[PDB]
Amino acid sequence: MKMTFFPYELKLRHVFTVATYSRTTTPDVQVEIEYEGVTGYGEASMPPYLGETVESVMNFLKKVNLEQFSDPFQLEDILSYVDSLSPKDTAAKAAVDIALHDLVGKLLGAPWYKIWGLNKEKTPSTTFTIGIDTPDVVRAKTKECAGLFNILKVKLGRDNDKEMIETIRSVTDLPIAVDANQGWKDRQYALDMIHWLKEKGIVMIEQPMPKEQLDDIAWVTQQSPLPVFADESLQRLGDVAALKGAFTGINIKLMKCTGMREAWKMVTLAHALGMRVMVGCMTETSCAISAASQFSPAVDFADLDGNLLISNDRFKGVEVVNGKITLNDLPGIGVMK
């Protein structure tokens, strides 16, 4: 089979903020794998702060030899080989993984949620983000979207956390999921900041402290009234077991774990250890978002709005209907170029 790839920068509709960073674009590489007339689509999204770039991803993909593989169904052997080409480049490896499942699914004539034996009717509601701004700009956007979602996401980990909730909580009573994003470097300042939110309608807390301080995080979890989910603290399958106890659940993202195959294994592992599972995303096109939505029926929370934040999506895949992630019946990852 043949693989091709090219840079495809994502244009964000509005300033996008993460911790102390902001951007209006996101480096991204689009991947394709052709085989006997069939094409599987893959994608790598690279928020600048995560360490990968157009260059690194393009370089990594140049190092992948797929022509040496005659059977696309050997995802175990093929993706194991891909992983071996470098110690990281998880986003770059995800693009190949995603493209391969798309291809395999197409060849099987089935969506991966089906191949995996899940009920698409059990997909969750996805959160949508309420950016940080002035009490006016805030209540405005909250107003504009509260009618389309069942749960909203707020990126706290800031200074006016208690502020945002109030502003937002004034013009809406929708449950809120907060992502400190490692903003609360303290310990007690984070624990109580949670009982508070819990009193103000928040229903889940994600990545409170920085990954480095696992002791603080762990500590804060058994004393937290709301489920804490690991994000920055977990990258791949081998990082899951070590988080039991420290977190209530894990947040899986294809760009971080290297794709669908490892992601699915993480869902199985997390659950086997009694942990909860949520699925997240970076700003991505409908390619990676749909790929991850394929296993969303098996999770508890989903932050799969990535494609809604960009203006140059090149695929029509999963739609948000009645606030829920909605899978179509297209085979593979479920998108149409």
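When you see a residue number, it is the position in the sequence shown, counting from 1.
Chemist: Going by the average Cα B-factor in the PDB entry, point out whether 211-219 or 86-94 comes out higher.
Modeler: For C-alpha atoms only, the mean B-factor is higher in 211-219.
Chemist: Which wins on mean Cα temperature factor, 286-294 or 35-43?
Modeler: Here the higher of the two C-alpha B-factor means belongs to 35-43.
Chemist: Could you check 262, 173, 121, 231 and tell me which one carries the biggest Cα B-factor in the deposited entry?
Modeler: Most elevated C-alpha B-factor of the set, per the entry: 173.
Chemist: Checking the entry, which one of 77, 71, 102, 179 has the top C-alpha B factor?
Modeler: Of the candidates given, the C-alpha B-factor peaks at 179.
Chemist: If you rank every modelled residue in this chain by C-alpha B factor, which third holds residue 184: lowest, middle or highest?
Modeler: Within its chain, residue 184 is a highest-third residue by C-alpha B-factor, going by the deposited values.
Chemist: What third of its chain's C-alpha B-factors does residue 147 belong to: lowest, middle or highest?
Modeler: CA B-factor rank for residue 147: middle third.
Chemist: By the recorded C-alpha temperature factor, relative to the other modelled residues in its chain, which third is residue 128 in?
Modeler: It belongs to the middle third of the chain when residues are ordered by C-alpha B-factor.
Chemist: Per the entry's values, where does residue 274 land by CA temperature factor relative to the rest of its chain, in the lowest, middle or highest third?
Modeler: Top third by C-alpha B-factor.
Chemist: Based on the deposited C-alpha B factors for this chain, I'd like to know if residue 244 is in the lowest, middle or highest third.
Modeler: Highest third, going by the recorded CA B-factors of the chain.
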